[PDB]
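S.K.: Next comes the structure file final-v5.txt, holding compact mmCIF, C-alpha atoms.
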# COMPACT_ATOMS: atom_id res chain seq x y z
CA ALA A 61 -17.38 4.37 22.17
CA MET A 62 -13.89 2.85 22.35
CA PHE A 63 -12.71 0.24 19.86
CA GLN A 64 -9.34 -1.52 19.74
CA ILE A 65 -7.09 -2.18 16.74
CA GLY A 66 -4.00 -3.26 18.63
CA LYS A 67 -2.17 -3.37 21.95
CA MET A 68 -2.26 0.05 23.62
CA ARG A 69 -4.09 1.33 20.53
CA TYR A 70 -7.76 2.24 20.85
CA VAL A 71 -10.22 4.19 18.72
CA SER A 72 -12.08 7.02 20.44
CA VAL A 73 -15.51 7.67 18.94
CA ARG A 74 -17.83 10.10 20.73
CA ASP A 75 -19.79 13.34 20.37
CA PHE A 76 -17.57 16.41 20.34
CA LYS A 77 -18.70 20.03 19.87
CA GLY A 78 -20.83 19.52 16.79
CA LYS A 79 -19.35 16.48 15.10
CA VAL A 80 -18.32 12.89 15.74
CA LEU A 81 -14.87 12.68 17.29
CA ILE A 82 -13.16 9.69 15.70
CA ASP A 83 -9.60 9.56 17.02
CA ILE A 84 -7.23 6.65 16.49
CA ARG A 85 -4.44 7.03 19.00
CA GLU A 86 -2.33 5.06 21.45
CA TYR A 87 -4.05 4.65 24.80
CA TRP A 88 -2.13 4.99 28.04
CA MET A 89 -3.48 4.11 31.48
CA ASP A 90 -4.64 6.85 33.82
CA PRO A 91 -3.28 6.93 37.43
CA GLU A 92 -6.84 6.26 38.59
CA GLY A 93 -7.80 3.43 36.24
CA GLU A 94 -9.13 4.83 32.96
CA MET A 95 -7.38 4.99 29.58
CA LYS A 96 -6.64 7.97 27.31
CA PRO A 97 -4.75 8.77 24.05
CA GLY A 98 -1.07 9.69 23.96
CA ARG A 99 0.68 11.37 21.03
CA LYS A 100 0.97 8.90 18.15
CA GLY A 101 -2.42 9.02 16.49
CA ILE A 102 -4.69 10.69 13.97
CA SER A 103 -8.35 11.69 13.90
CA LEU A 104 -10.50 10.27 11.12
CA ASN A 105 -12.51 13.04 9.49
CA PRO A 106 -16.08 11.98 8.52
CA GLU A 107 -15.10 12.59 4.89
CA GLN A 108 -11.71 10.94 5.32
CA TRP A 109 -13.43 7.89 6.82
CA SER A 110 -15.04 7.08 3.47
CA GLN A 111 -11.97 7.92 1.37
CA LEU A 112 -9.76 5.79 3.63
CA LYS A 113 -12.08 2.78 3.37
CA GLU A 114 -12.19 3.17 -0.41
CA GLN A 115 -8.40 3.51 -0.65
CA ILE A 116 -7.95 0.39 1.52
CA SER A 117 -8.06 -1.84 -1.57
CA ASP A 118 -5.06 0.03 -3.01
CA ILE A 119 -3.30 0.56 0.32
CA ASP A 120 -3.52 -3.13 1.19
CA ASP A 121 -2.25 -3.96 -2.28
CA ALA A 122 0.79 -1.75 -1.75
CA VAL A 123 1.54 -3.50 1.54
CA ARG A 124 1.78 -6.82 -0.30
CA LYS A 125 4.10 -5.16 -2.81
CA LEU A 126 6.67 -4.47 -0.09
CA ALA B 61 2.33 4.44 -2.16
CA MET B 62 0.79 7.85 -1.52
CA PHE B 63 -2.97 7.44 -1.18
CA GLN B 64 -5.02 10.58 -0.61
CA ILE B 65 -7.68 10.01 2.04
CA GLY B 66 -8.63 13.65 2.44
CA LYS B 67 -7.37 17.22 2.42
CA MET B 68 -3.70 17.41 3.47
CA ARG B 69 -4.07 13.83 4.74
CA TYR B 70 -2.39 11.01 2.83
CA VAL B 71 -1.73 7.38 3.68
CA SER B 72 1.85 6.50 2.87
CA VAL B 73 2.71 2.81 2.79
CA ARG B 74 6.50 2.79 2.92
CA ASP B 75 9.03 0.16 3.93
CA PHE B 76 11.11 1.40 6.85
CA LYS B 77 14.26 -0.63 7.53
CA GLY B 78 12.50 -3.81 6.44
CA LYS B 79 9.09 -3.00 7.88
CA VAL B 80 6.10 -2.11 5.71
CA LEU B 81 4.44 0.65 7.71
CA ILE B 82 1.10 2.18 6.81
CA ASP B 83 1.76 5.70 8.03
CA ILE B 84 -1.43 7.72 8.07
CA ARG B 85 -0.09 11.23 8.43
CA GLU B 86 -0.73 14.78 7.30
CA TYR B 87 1.32 16.46 4.61
CA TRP B 88 1.99 20.19 4.57
CA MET B 89 3.50 21.97 1.57
CA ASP B 90 6.86 23.61 2.20
CA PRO B 91 8.03 26.96 0.65
CA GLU B 92 9.65 24.89 -2.10
CA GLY B 93 6.53 23.07 -3.22
CA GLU B 94 6.88 19.64 -1.66
CA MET B 95 4.49 17.99 0.77
CA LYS B 96 6.25 17.15 4.03
CA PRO B 97 4.77 14.80 6.67
CA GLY B 98 3.47 16.64 9.72
CA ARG B 99 3.84 15.61 13.35
CA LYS B 100 0.22 14.55 13.70
CA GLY B 101 -0.30 11.03 12.43
CA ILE B 102 0.14 7.34 13.23
CA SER B 103 2.17 4.51 11.72
CA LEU B 104 0.13 1.32 11.62
CA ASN B 105 1.74 -2.03 10.84
CA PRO B 106 0.04 -4.75 8.67
CA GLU B 107 -1.14 -6.41 11.90
CA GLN B 108 -3.04 -3.40 13.26
CA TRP B 109 -3.95 -2.53 9.67
CA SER B 110 -5.89 -5.79 9.40
CA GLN B 111 -7.67 -5.17 12.69
CA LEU B 112 -8.52 -1.62 11.59
CA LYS B 113 -10.27 -2.95 8.48
CA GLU B 114 -12.05 -5.60 10.53
CA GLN B 115 -13.12 -3.06 13.16
CA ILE B 116 -14.72 -0.99 10.39
CA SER B 117 -17.91 -3.04 10.76
CA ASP B 118 -18.13 -1.72 14.33
CA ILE B 119 -16.71 1.79 13.88
CA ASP B 120 -18.86 2.57 10.82
CA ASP B 121 -21.93 1.69 12.89
CA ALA B 122 -21.13 4.37 15.45
CA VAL B 123 -20.38 6.87 12.67
CA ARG B 124 -23.61 6.14 10.78
CA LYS B 125 -25.52 6.55 14.05
CA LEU B 126 -25.90 10.29 14.50
CA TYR C 465 -9.09 11.33 35.78
CA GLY C 466 -5.60 12.85 36.03
CA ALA C 467 -4.74 11.85 32.48
CA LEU C 468 -8.36 11.29 31.46
CA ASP C 469 -9.23 15.00 31.63
CA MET C 470 -5.78 15.99 30.42
CA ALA C 471 -6.07 13.91 27.25
CA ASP C 472 -9.53 15.38 26.65
CA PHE C 473 -8.94 19.12 26.53
CA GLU C 474 -6.44 18.48 23.73
CA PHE C 475 -9.08 16.54 21.78
CA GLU C 476 -10.41 19.73 20.20
CA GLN C 477 -6.85 20.50 19.12
CA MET C 478 -7.04 17.79 16.47
CA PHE C 479 -10.83 18.03 16.19
CA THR C 480 -10.57 21.48 14.63
CA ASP C 481 -7.63 20.27 12.54
CA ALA C 482 -8.14 16.72 11.29
CA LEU C 483 -11.83 16.34 12.09
CA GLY C 484 -12.39 19.71 10.45
CA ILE C 485 -10.76 20.29 7.07
CA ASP C 486 -12.23 17.83 4.58
CA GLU C 487 -15.61 19.53 4.71
CA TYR C 488 -13.82 22.74 3.74
CA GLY C 489 -13.92 21.71 0.10
CA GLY C 490 -14.52 18.51 -1.82
Could I get this structure in the form of structure tokens?
M.R.:
Amino acid sequence: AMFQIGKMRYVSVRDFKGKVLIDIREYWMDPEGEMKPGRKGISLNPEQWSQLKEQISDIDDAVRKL
Amino acid sequence: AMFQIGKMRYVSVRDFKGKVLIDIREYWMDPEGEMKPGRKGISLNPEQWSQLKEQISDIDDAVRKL
Amino acid sequence: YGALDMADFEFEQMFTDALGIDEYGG
């Protein structure tokens, strides 16, 4: 699965080894026609996924404080 | 502005030159005792940040579907 | 495929780093 959160920024979500590969990274175009991640990005650990969502309320609040 | 979202992974919402950036990066402890931001991570702006939260309804579905 | 496969082999690089560390404890 490939979601999008911004221009040239897609979220890679697929089966990998023995876990769900959730990688949020910039997506560049392949010479052929596909798209793949670059360098700027971070993978969302299954455990981090929950913590991040829960911290969103505080994170978002900090954004409005700046 | 330092929100822990996992182990060695912290979301830092800092204003950079007049731009509130939600930098989701890793932090490794130096020999001194301070956590320094690693090279692996991504700086999301409020715009992409909003989309990320909105895309959760889609991403979470793929994560909850093992 | 040129970049597709290239930016795939390096997926496990962060998989065994970011996608594998929170389940280590807590």
S.K.: Please report, as JSON lines, each residue of chain C lying at most 10 Å from stretch 75-84 of chain A, together with the nearest pair of atoms and the separation in Å rounded to one decimal; use all atoms listed in the file, and order rows by chain and ascending residue number.
M.R.:
{"residue": "C:475", "atom": "CA", "partner": "A:81", "partner_atom": "CA", "distance": 8.3}
{"residue": "C:476", "atom": "CA", "partner": "A:76", "partner_atom": "CA", "distance": 7.9}
{"residue": "C:478", "atom": "CA", "partner": "A:83", "partner_atom": "CA", "distance": 8.6}
{"residue": "C:479", "atom": "CA", "partner": "A:81", "partner_atom": "CA", "distance": 6.8}
{"residue": "C:480", "atom": "CA", "partner": "A:77", "partner_atom": "CA", "distance": 9.8}
{"residue": "C:482", "atom": "CA", "partner": "A:83", "partner_atom": "CA", "distance": 9.3}
{"residue": "C:483", "atom": "CA", "partner": "A:81", "partner_atom": "CA", "distance": 7.0}
{"residue": "C:484", "atom": "CA", "partner": "A:79", "partner_atom": "CA", "distance": 9.0}
S.K.: Have a look at B:95, B:89, B:71, B:61 and name the one nearest to residue A:112; count all atoms listed in the file.
M.R.: B:71
S.K.: For a quick check of understanding, using only C-alpha atoms, which of B:110, B:65, B:118, B:125 has the smallest distance to chain A?
M.R.: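 Smallest distance to chain A is found for B:65.
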S.K.: If I take atom CA of residue C:477 and atom CA of residue B:85, how far is one from the other in Å, to one decimal?
M.R.: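 Between atom CA of residue C:477 and atom CA of residue B:85 the gap is 15.7 Å.
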S.K.: Please, what distance in Å, to one decimal, runs between atom CA of residue A:74 and atom CA of residue A:91?
M.R.: 22.4 Å
S.K.: Taking all atoms listed in the file into account and nothing else, which residues of chain B lie no more than 10 Å away from chain C? Please answer as a PDB file with C-alpha atoms, keeping the file's coordinate frame.
M.R.:
ATOM      1  CA  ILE B  65      -7.680  10.010   2.040  1.00  0.00           C
ATOM      2  CA  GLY B  66      -8.630  13.650   2.440  1.00  0.00           C
ATOM      3  CA  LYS B  67      -7.370  17.220   2.420  1.00  0.00           C
ATOM      4  CA  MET B  68      -3.700  17.410   3.470  1.00  0.00           C
ATOM      5  CA  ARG B  69      -4.070  13.830   4.740  1.00  0.00           C
ATOM      6  CA  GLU B  86      -0.730  14.780   7.300  1.00  0.00           C
ATOM      7  CA  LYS B 100       0.220  14.550  13.700  1.00  0.00           C
ATOM      8  CA  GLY B 101      -0.300  11.030  12.430  1.00  0.00           C
TER       9      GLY B 101
END
S.K.: Would you kindly identify which residues have an atom no farther than 12 Å from (-11.2, 1.6, 1.2), using all atoms listed in the file and the file's own coordinates, and write them out as a CSV table (one decimal) with C-alpha atoms, keeping the file's coordinate frame?
M.R.:
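Okay, point-v3.csv is ready:
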chain,number,residue,atom,x,y,z
A,108,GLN,CA,-11.7,10.9,5.3
A,109,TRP,CA,-13.4,7.9,6.8
A,110,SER,CA,-15.0,7.1,3.5
A,111,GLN,CA,-12.0,7.9,1.4
A,112,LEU,CA,-9.8,5.8,3.6
A,113,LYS,CA,-12.1,2.8,3.4
A,114,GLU,CA,-12.2,3.2,-0.4
A,115,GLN,CA,-8.4,3.5,-0.6
A,116,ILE,CA,-8.0,0.4,1.5
A,117,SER,CA,-8.1,-1.8,-1.6
A,118,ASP,CA,-5.1,0.0,-3.0
A,119,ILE,CA,-3.3,0.6,0.3
A,120,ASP,CA,-3.5,-3.1,1.2
A,121,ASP,CA,-2.2,-4.0,-2.3
B,63,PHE,CA,-3.0,7.4,-1.2
B,64,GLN,CA,-5.0,10.6,-0.6
B,65,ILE,CA,-7.7,10.0,2.0
B,71,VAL,CA,-1.7,7.4,3.7
B,109,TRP,CA,-4.0,-2.5,9.7
B,112,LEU,CA,-8.5,-1.6,11.6
B,113,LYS,CA,-10.3,-3.0,8.5
B,114,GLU,CA,-12.0,-5.6,10.5
B,116,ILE,CA,-14.7,-1.0,10.4
S.K.: Rotate and translate chain B onto chain A via least squares on all in-order Cα pairs, then write the result as a CSV table (one decimal) with C-alpha atoms, in the coordinates of the input.
M.R.:
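Contents of the output file superposed-v9.csv:
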chain,number,residue,atom,x,y,z
B,61,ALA,CA,-17.4,3.8,20.8
B,62,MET,CA,-14.1,2.4,21.9
B,63,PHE,CA,-12.8,-0.1,19.2
B,64,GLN,CA,-9.6,-1.8,19.9
B,65,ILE,CA,-7.4,-1.9,16.7
B,66,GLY,CA,-4.3,-3.1,18.4
B,67,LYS,CA,-2.2,-2.9,21.6
B,68,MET,CA,-2.6,0.4,23.4
B,69,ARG,CA,-4.3,1.7,20.2
B,70,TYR,CA,-8.1,2.3,20.1
B,71,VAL,CA,-10.4,4.0,17.7
B,72,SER,CA,-12.7,6.3,19.6
B,73,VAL,CA,-15.7,7.6,17.6
B,74,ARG,CA,-16.9,10.5,19.8
B,75,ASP,CA,-19.0,13.5,19.0
B,76,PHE,CA,-17.1,16.7,19.7
B,77,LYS,CA,-19.2,19.9,19.9
B,78,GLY,CA,-21.5,18.5,17.2
B,79,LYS,CA,-18.9,16.8,15.1
B,80,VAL,CA,-18.6,13.0,15.0
B,81,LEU,CA,-14.8,12.5,14.9
B,82,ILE,CA,-13.1,9.2,14.4
B,83,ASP,CA,-10.1,9.7,16.6
B,84,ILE,CA,-7.5,7.0,16.1
B,85,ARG,CA,-5.3,7.5,19.1
B,86,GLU,CA,-3.2,5.6,21.6
B,87,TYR,CA,-4.3,5.1,25.1
B,88,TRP,CA,-1.9,4.8,28.0
B,89,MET,CA,-3.0,3.6,31.5
B,90,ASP,CA,-2.6,6.2,34.3
B,91,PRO,CA,-1.5,5.3,37.9
B,92,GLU,CA,-5.3,5.2,38.7
B,93,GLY,CA,-6.2,2.5,36.2
B,94,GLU,CA,-7.8,4.5,33.4
B,95,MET,CA,-6.7,4.6,29.8
B,96,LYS,CA,-5.9,8.2,28.7
B,97,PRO,CA,-5.5,9.3,25.1
B,98,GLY,CA,-1.8,9.9,24.2
B,99,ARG,CA,-0.5,12.7,22.0
B,100,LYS,CA,0.2,10.5,19.0
B,101,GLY,CA,-2.9,10.0,17.0
B,102,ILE,CA,-5.2,11.6,14.4
B,103,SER,CA,-8.8,12.7,14.4
B,104,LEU,CA,-10.5,11.7,11.1
B,105,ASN,CA,-13.9,13.1,10.1
B,106,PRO,CA,-16.6,11.0,8.3
B,107,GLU,CA,-15.4,12.5,5.0
B,108,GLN,CA,-11.8,11.4,5.3
B,109,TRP,CA,-13.0,8.2,7.0
B,110,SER,CA,-14.9,7.3,3.8
B,111,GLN,CA,-11.8,8.0,1.7
B,112,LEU,CA,-9.6,5.9,4.1
B,113,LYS,CA,-11.9,2.9,3.6
B,114,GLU,CA,-11.9,3.4,-0.2
B,115,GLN,CA,-8.1,3.8,-0.3
B,116,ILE,CA,-7.8,0.5,1.4
B,117,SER,CA,-7.9,-1.2,-2.0
B,118,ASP,CA,-4.7,0.6,-2.9
B,119,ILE,CA,-3.0,0.7,0.5
B,120,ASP,CA,-3.6,-3.0,1.2
B,121,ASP,CA,-1.9,-3.8,-2.1
B,122,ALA,CA,1.3,-2.1,-1.0
B,123,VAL,CA,1.2,-3.8,2.3
B,124,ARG,CA,0.6,-7.3,0.8
B,125,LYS,CA,3.5,-6.6,-1.5
B,126,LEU,CA,6.6,-7.4,0.6
S.K.: To one decimal in Å, tell me the separation between atom CA of residue A:93 and atom CA of residue A:72.
M.R.: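 Spanning atom CA of residue A:93 to atom CA of residue A:72 is a straight-line distance of 16.8 Å.
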S.K.: Since the input has fewer atoms than a full residue there, write chain C out with N, CA and C atoms, as a PDB file, in the coordinates of the input.
M.R.:
ATOM      1  N   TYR C 465      -8.588   9.973  36.091  1.00  0.00           N
ATOM      2  CA  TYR C 465      -9.090  11.330  35.780  1.00  0.00           C
ATOM      3  C   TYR C 465      -7.921  12.283  35.541  1.00  0.00           C
ATOM      4  N   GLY C 466      -6.785  12.005  36.184  1.00  0.00           N
ATOM      5  CA  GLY C 466      -5.600  12.850  36.030  1.00  0.00           C
ATOM      6  C   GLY C 466      -5.163  12.976  34.583  1.00  0.00           C
ATOM      7  N   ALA C 467      -5.137  11.861  33.878  1.00  0.00           N
ATOM      8  CA  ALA C 467      -4.740  11.850  32.480  1.00  0.00           C
ATOM      9  C   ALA C 467      -5.984  11.862  31.602  1.00  0.00           C
ATOM     10  N   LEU C 468      -7.081  11.353  32.155  1.00  0.00           N
ATOM     11  CA  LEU C 468      -8.360  11.290  31.460  1.00  0.00           C
ATOM     12  C   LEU C 468      -8.805  12.682  31.011  1.00  0.00           C
ATOM     13  N   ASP C 469      -8.819  13.630  31.941  1.00  0.00           N
ATOM     14  CA  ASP C 469      -9.230  15.000  31.630  1.00  0.00           C
ATOM     15  C   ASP C 469      -8.162  15.712  30.822  1.00  0.00           C
ATOM     16  N   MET C 470      -6.911  15.394  31.117  1.00  0.00           N
ATOM     17  CA  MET C 470      -5.780  15.990  30.420  1.00  0.00           C
ATOM     18  C   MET C 470      -5.836  15.652  28.931  1.00  0.00           C
ATOM     19  N   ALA C 471      -5.997  14.370  28.628  1.00  0.00           N
ATOM     20  CA  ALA C 471      -6.070  13.910  27.250  1.00  0.00           C
ATOM     21  C   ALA C 471      -7.505  14.020  26.723  1.00  0.00           C
ATOM     22  N   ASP C 472      -8.163  15.111  27.079  1.00  0.00           N
ATOM     23  CA  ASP C 472      -9.530  15.380  26.650  1.00  0.00           C
ATOM     24  C   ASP C 472      -9.621  16.809  26.154  1.00  0.00           C
ATOM     25  N   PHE C 473      -8.974  17.704  26.889  1.00  0.00           N
ATOM     26  CA  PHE C 473      -8.940  19.120  26.530  1.00  0.00           C
ATOM     27  C   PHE C 473      -8.202  19.305  25.210  1.00  0.00           C
ATOM     28  N   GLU C 474      -7.237  18.426  24.956  1.00  0.00           N
ATOM     29  CA  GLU C 474      -6.440  18.480  23.730  1.00  0.00           C
ATOM     30  C   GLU C 474      -7.141  17.774  22.573  1.00  0.00           C
ATOM     31  N   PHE C 475      -8.332  17.235  22.822  1.00  0.00           N
ATOM     32  CA  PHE C 475      -9.080  16.540  21.780  1.00  0.00           C
ATOM     33  C   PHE C 475      -9.555  17.512  20.706  1.00  0.00           C
ATOM     34  N   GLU C 476      -9.934  18.715  21.128  1.00  0.00           N
ATOM     35  CA  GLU C 476     -10.410  19.730  20.200  1.00  0.00           C
ATOM     36  C   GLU C 476      -9.262  20.285  19.360  1.00  0.00           C
ATOM     37  N   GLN C 477      -8.040  20.038  19.818  1.00  0.00           N
ATOM     38  CA  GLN C 477      -6.850  20.500  19.120  1.00  0.00           C
ATOM     39  C   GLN C 477      -6.740  19.823  17.761  1.00  0.00           C
ATOM     40  N   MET C 478      -7.087  18.542  17.713  1.00  0.00           N
ATOM     41  CA  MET C 478      -7.040  17.790  16.470  1.00  0.00           C
ATOM     42  C   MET C 478      -8.437  17.725  15.849  1.00  0.00           C
ATOM     43  N   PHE C 479      -9.448  18.033  16.655  1.00  0.00           N
ATOM     44  CA  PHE C 479     -10.830  18.030  16.190  1.00  0.00           C
ATOM     45  C   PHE C 479     -11.032  19.166  15.187  1.00  0.00           C
ATOM     46  N   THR C 480     -10.465  20.319  15.496  1.00  0.00           N
ATOM     47  CA  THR C 480     -10.570  21.480  14.630  1.00  0.00           C
ATOM     48  C   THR C 480      -9.408  21.523  13.639  1.00  0.00           C
ATOM     49  N   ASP C 481      -8.766  20.377  13.447  1.00  0.00           N
ATOM     50  CA  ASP C 481      -7.630  20.270  12.540  1.00  0.00           C
ATOM     51  C   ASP C 481      -7.806  19.104  11.567  1.00  0.00           C
ATOM     52  N   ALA C 482      -7.960  17.905  12.112  1.00  0.00           N
ATOM     53  CA  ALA C 482      -8.140  16.720  11.290  1.00  0.00           C
ATOM     54  C   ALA C 482      -9.615  16.420  11.085  1.00  0.00           C
ATOM     55  N   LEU C 483     -10.396  16.585  12.145  1.00  0.00           N
ATOM     56  CA  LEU C 483     -11.830  16.340  12.090  1.00  0.00           C
ATOM     57  C   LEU C 483     -12.576  17.548  11.529  1.00  0.00           C
ATOM     58  N   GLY C 484     -11.817  18.508  11.021  1.00  0.00           N
ATOM     59  CA  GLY C 484     -12.390  19.710  10.450  1.00  0.00           C
ATOM     60  C   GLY C 484     -11.475  20.299   9.401  1.00  0.00           C
ATOM     61  N   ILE C 485     -11.602  19.824   8.168  1.00  0.00           N
ATOM     62  CA  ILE C 485     -10.760  20.290   7.070  1.00  0.00           C
ATOM     63  C   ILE C 485     -11.189  19.683   5.741  1.00  0.00           C
ATOM     64  N   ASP C 486     -11.796  18.506   5.797  1.00  0.00           N
ATOM     65  CA  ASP C 486     -12.230  17.830   4.580  1.00  0.00           C
ATOM     66  C   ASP C 486     -13.556  18.380   4.095  1.00  0.00           C
ATOM     67  N   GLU C 487     -14.318  18.941   5.019  1.00  0.00           N
ATOM     68  CA  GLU C 487     -15.610  19.530   4.710  1.00  0.00           C
ATOM     69  C   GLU C 487     -15.429  20.964   4.221  1.00  0.00           C
ATOM     70  N   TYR C 488     -14.173  21.398   4.184  1.00  0.00           N
ATOM     71  CA  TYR C 488     -13.820  22.740   3.740  1.00  0.00           C
ATOM     72  C   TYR C 488     -13.962  22.857   2.219  1.00  0.00           C
ATOM     73  N   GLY C 489     -13.812  21.733   1.542  1.00  0.00           N
ATOM     74  CA  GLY C 489     -13.920  21.710   0.100  1.00  0.00           C
ATOM     75  C   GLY C 489     -13.714  20.315  -0.436  1.00  0.00           C
ATOM     76  N   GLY C 490     -14.640  19.844  -1.257  1.00  0.00           N
ATOM     77  CA  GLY C 490     -14.520  18.510  -1.820  1.00  0.00           C
ATOM     78  C   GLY C 490     -15.003  17.460  -0.845  1.00  0.00           C
TER      79      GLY C 490
END
